[PDB]
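Following this message is one structure expressed as structure tokens.
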Amino acid sequence: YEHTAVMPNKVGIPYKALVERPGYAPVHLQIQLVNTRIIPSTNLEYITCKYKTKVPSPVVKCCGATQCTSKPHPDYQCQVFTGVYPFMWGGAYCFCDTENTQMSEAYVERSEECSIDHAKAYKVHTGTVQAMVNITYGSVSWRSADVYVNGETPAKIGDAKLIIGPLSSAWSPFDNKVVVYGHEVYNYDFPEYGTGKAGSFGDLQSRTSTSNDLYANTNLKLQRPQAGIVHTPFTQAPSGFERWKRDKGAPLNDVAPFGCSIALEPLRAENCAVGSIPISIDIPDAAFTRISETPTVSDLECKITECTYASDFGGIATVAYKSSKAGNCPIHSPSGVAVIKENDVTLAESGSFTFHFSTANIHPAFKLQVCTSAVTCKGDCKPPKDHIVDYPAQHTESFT
Amino acid sequence: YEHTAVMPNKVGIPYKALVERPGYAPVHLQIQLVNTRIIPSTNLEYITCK
């Protein structure tokens, strides 16, 4: 009843296996993986965005110098100039000709746009993956269970209880350093907090949008106003966050192999088809029925009808059933050569019922198990010319 | 599927060909040539009369 089985990690591929429960009628299983969310553990480092040089009003003493003070503003650049003669609309501003001094100061403050648009640095750990599994086994034909991958957690939705994982591959598309920009994910190597070079990425680094303190290395340097005019000419490197926005690499959600996609989320990488899962499930004995009730289908034979050497269910075959009583009968092929989309067939008195399947061998010689009745369906297949189908469901490529 | 086939250039004959695309039932096709006009390119030279 406790059917342990390793399962390939695919999303849209069934796992219709058969339970070889002694003393009772065998019961088919069926497992599907809707999602394979990874959700690695993450730790935010800092957020960067365009900055705004909030330059306050200059201090202009008409006759006399004025020493500046080292204010605690981030990247607070202050410098005093000498020998200035500012004009304004109302005429010349002072009667002195050399004692005029200007005290110009400027500091970098994060732009108002940071509230909505801002990159996010992230350092990630291994984390723990989760999956949504649908199991339509036996006669219940339904399940809607969210499960983990750790090799301890039971999942007991409906009547059956089972345990999943751990994954065979520790492959994580995320790197140790991950940069998230609004909706797309880039595995860019942000240097560290409080060390960004001016002009490059992370010129302005804030711990959090709420955090008041930040790290603004913009190489801001004021210069003398020209021709006696009241303003604050400041020379600084162009916004580093503006750069790398128009020349960033391909997002990780567009270069991650194994068909894995990401989202603005706990950063799960869903549908990351890789490795296998050691699935173990405990079927309740209630679903089991006495073996003495299943009709006998011995002395039957299998005939191939038309097999296509393709990926979709192009293979069909007719089975000449030789039964005694009437009832349901699970069908399954223990061999991985062929996969049968058909799940249950009712048996009449010496009837014949076609079924569909798919295979990957030119001359498929696969065992067919029919409610405790073995038969080999040997035949021939033909490759298709119009290779236009859904994604392959045979998942059995090997030597042919 | 793309049933490529050479058939004789005749008028009164069905070209009963089967389409054996795997996965589906074969279907027959009938082809007949009612007309075989050639219509070569021409260029008027001149006109003569009594």
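Just so it is clear, chain A uses Swiss-Prot numbers, and the residues here are 802-1201, in order.
Header lists the method as electron microscopy, 4.6 Å.
Note: Cβ is positioned from N, Cα and C throughout, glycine not excepted.
Pulled these features from Swiss-Prot for this protein:
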| type | residues | note |
| --- | --- | --- |
| DISULFID | A:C850-A:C915 | disulfide bond |
| DISULFID | A:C863-A:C895 | disulfide bond |
| DISULFID | A:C864-A:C897 | disulfide bond |
| DISULFID | A:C869-A:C879 | disulfide bond |
| DISULFID | A:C1061-A:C1073 | disulfide bond |
| DISULFID | A:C1103-A:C1178 | disulfide bond |
| DISULFID | A:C1108-A:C1182 | disulfide bond |
| DISULFID | A:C1130-A:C1172 | disulfide bond |
| CARBOHYD | A:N935 | N-linked glycosylation site |
| REGION | A:885-902 | region 'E1 fusion peptide loop' |
Far apart in sequence but close in space: which same-chain residues, 6 or more away, have a Cβ under 8 Å from A:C863 (disulfide bond)?
A:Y894, A:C895, A:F896, A:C897, A:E900, A:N901
Write down the Cα-Cα distance for A:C850 (disulfide bond) and A:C869 (disulfide bond), rounded and given in Å.
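With the alpha carbons as reference points, the distance is 30 Å.
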DSSP helix, strand and coil counts for the region 'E1 fusion peptide loop' (A:885-902)?
0 helix, 5 strand, 13 coil
Just the number: how many Å between the Cα atoms of A:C1182 (disulfide bond) and A:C1103 (disulfide bond)?
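Each residue's Cα considered, A:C1182 (disulfide bond) and A:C1103 (disulfide bond) end up 16 Å apart.
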Of the recorded positions A:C879, A:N935, A:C1108, which sits closest to A:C1178 (disulfide bond) by Cα distance?
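Nearest listed residue in space: A:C1108.
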Of the disulfide-bonded residues A:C879, A:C1061, A:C1172, which one sits closest to A:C1108 (disulfide bond) when you measure Cα to Cα?
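Nearest by Cα distance to A:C1108 (disulfide bond): A:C1172.
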Given a separation of at least six residues and a C-beta threshold under 8 Å, show me what packs close to A:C1172 (disulfide bond) in the same chain.
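When sequence neighbours closer than 6 are ignored, A:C1172 (disulfide bond) has A:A826, A:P827, A:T1095, A:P1096, A:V1098, A:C1130, A:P1131, A:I1132, A:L1148 within Cβ distance under 8 Å.
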Minimum Cβ neighbour count within 10 Å among the disulfide-bonded residues A:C897, A:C915, A:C1108, A:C1130, A:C1178: which residue?
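Each of the disulfide-bonded residues A:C897, A:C915, A:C1108, A:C1130, A:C1178 was scored; lowest Cβ tally within 10 Å is A:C897.
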